[PDB]
Amino acid sequence: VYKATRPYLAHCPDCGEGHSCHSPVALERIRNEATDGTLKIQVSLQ
Amino acid sequence: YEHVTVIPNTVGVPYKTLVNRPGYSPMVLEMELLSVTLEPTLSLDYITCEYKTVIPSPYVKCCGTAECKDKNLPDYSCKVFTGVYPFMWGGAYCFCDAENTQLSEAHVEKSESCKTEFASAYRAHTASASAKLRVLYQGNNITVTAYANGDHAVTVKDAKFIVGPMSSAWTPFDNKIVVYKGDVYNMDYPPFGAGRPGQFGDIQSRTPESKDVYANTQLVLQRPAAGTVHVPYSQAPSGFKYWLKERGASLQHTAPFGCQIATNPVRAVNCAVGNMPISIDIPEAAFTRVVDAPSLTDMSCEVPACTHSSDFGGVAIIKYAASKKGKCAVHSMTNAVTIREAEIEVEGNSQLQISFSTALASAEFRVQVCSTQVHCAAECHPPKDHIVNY
């Protein structure tokens, strides 16, 4: 599926020291539905 | 011969019943009703769970004005922002300085968690009462499973049993109930399409497989930051997550009469509520004639040890002079005391030992062995309790 998809640059409010940037590691969504405490994190890179 | 009696609706308590058929030797039957299940009829109104905010890529119309269209989606929100000049890594995204608009779109659907983490809203009506029992019949324990409606005859060893009808039609489950895993809650839940934001029912799904869901979550889209491509929004937090911490103690902990609450199916167990009538049509063969049964004479009773408690703390020795060898029924003629044994083997000029339970310090009771009565005088002492773990 990765032949069609690609990593991207997206908005991040804090890229370091509270300054915003076009991040290659931008956070999309953090999922915390797992009762065991496991976090499913979505990022802009692959 | 039909024997009709009434026992309280309490599981794990053996009750003694004296069957006296005229011209036939008395019969003692021990009856015990273990579990008592009250299963209400359920009608699923809807399912609730944590919601999910579907936000696609914003429509940044460079050099033009975007238009919001009314979409039939749960919590659908659309807003067109004017005077937007967004930037990407390699400069500005739009050719124009002014006249660029951003169309922000958002709607609410069931989260991926909805199949795993969910609460069910049920309409509870007319609870069906069922009981597990045990009858000491002819020196053997027989199990009778019948509907406690008084119109379900169950025949075991030729004895016809008619259980109920229940004195109480109570079912620990108001008209509206909410089920979460192994916990049941009495809750006047909002109807479908009437759920409030940040509260139970902010997202409502008729079935867990349903495609179209109801949503009322306080979703409000905000103006994006200067030169920034993003969809900022303000939203009432998950009503299901809020209910999970605000639900309080379930029916298993709050229900009166020591009710135990179970799920799959939802039921009230051991809800010691009211009494239960029992009808037993005992066949002719089970009875023994008074002439065919031994005759009891020259009877005396002595109590060497007694403690007034819930269990059989009393011991009584009854001396007798029987006409022949045979089985004799043992029964207390005084309602204040109860005897453990229902039947004893009688010999000749011998003695019998019985175990009895009483609450009285000065216990005056009559014991009927076969067809003759004997007076027992008992001075019972207090127990240690204290506290016992059964």
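Laboratory data are not the source of any read-out in this text; all were calculated from the coordinates shown. Here the Cβ positions follow ideal geometry from the backbone for every residue, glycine too, while neighbour counts run over all protein chains shown.
Provide the net charge surrounding B:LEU42, with neighbours chosen by a C-beta distance below 12 Å and charges set as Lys +1, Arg +1, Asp -1, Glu -1.
Numbers: positive: B:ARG123, B:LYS176, B:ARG267; negative: B:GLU39, B:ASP45.
Neighbour charge sum, excluding B:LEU42 itself: +1.
Given the options B:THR82, B:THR171, B:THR37, state which has the largest fluctuation in a GNM of chain B using a 10 Å cut-off (strictly under) for Cα springs.
Maximum fluctuation in the GNM of chain B, among the listed residues, is at B:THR82.
Would you report the distance distribution of C-alpha pairs in segment B:1-136 as whole percents per 10 angstrom bin, up to the bin with the largest distance?
9, 18, 14, 12, 10, 8, 8, 8, 6, 4, 2, 0
When the C-alpha atoms of segment B:157-221 are aligned to their principal axes, what extent does each axis show, in angstrom, from largest down?
Per principal axis, max minus min of the Cα coordinates gives 75, 25, 20 Å.
Rounded, prolate or oblate: which fits chain A, taking a ≥ b ≥ c as square roots of the Cα gyration tensor eigenvalues, rounded meaning a/c under 1.5, else prolate when a/b beats b/c?
Details: a/c = 3.60, a/b = 1.13, b/c = 3.19.
Oblate, because a/c is 1.5 or more while a/b does not exceed b/c.
Using alpha carbon centroids, what distance separates segment B:44-75 and segment B:15-39, in Å?
One Cα centre to the other: 68 Å.
In Å, what is the Rg of the alpha-carbon atoms in chain B, and how long is Dmax?
35.9, 121
From Cα pairs below 8 angstrom and at least 6 apart in sequence, can you work out the relative contact order of chain A, rounded to a whole percent?
Values: 67 pairs, mean separation 15.5, N = 46.
Normalised by residue count, the contact order of chain A is 34 percent.
Taking every DSSP beta bridge that has both residues in segment B:7-128, what percent is antiparallel when rounded to the nearest 5?
Details: 27 of 27 bridges.
Here the antiparallel bridges make up roughly 100 percent for segment B:7-128.
Whole Å is fine, so just give me how far the alpha carbon centre of segment B:363-384 lies from that of chain A.
Cα centroid to Cα centroid, the span is 82 Å.
Whats the longest run of chain B with zero GluC sites (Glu not before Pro) that are DSSP loop and have at most 16 other Cβ atoms within 10 Å? Before the final figure, lay out the partial values.
Values: sites that count: B:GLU67, B:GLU99, B:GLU209, B:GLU347.
Counting only loop sites that pass the neighbour cut-off, the longest clear stretch is B:210-346.
Determine the equivalent ellipsoid of segment B:325-372 by diagonalising the alpha-carbon gyration tensor, then write out the semi-axes as square roots of 5 times the eigenvalues, largest first, rounded to whole Å. Provide the component values of the computation, followed by the final result.
Details: eigenvalues 96, 19, 17 Å².
Equivalent-ellipsoid dimensions as semi-axes: 22, 10, 9 Å.
What number, in percent, do you get for the relative contact order of chain B if the mean sequence gap of Cα pairs under 8 Å and at least 6 apart is divided by its residue count? Kindly include the intermediate steps, with their values, before the conclusion.
Details: 991 pairs, mean separation 69.3, N = 390.
The normalised contact order for chain B reaches 18 percent.
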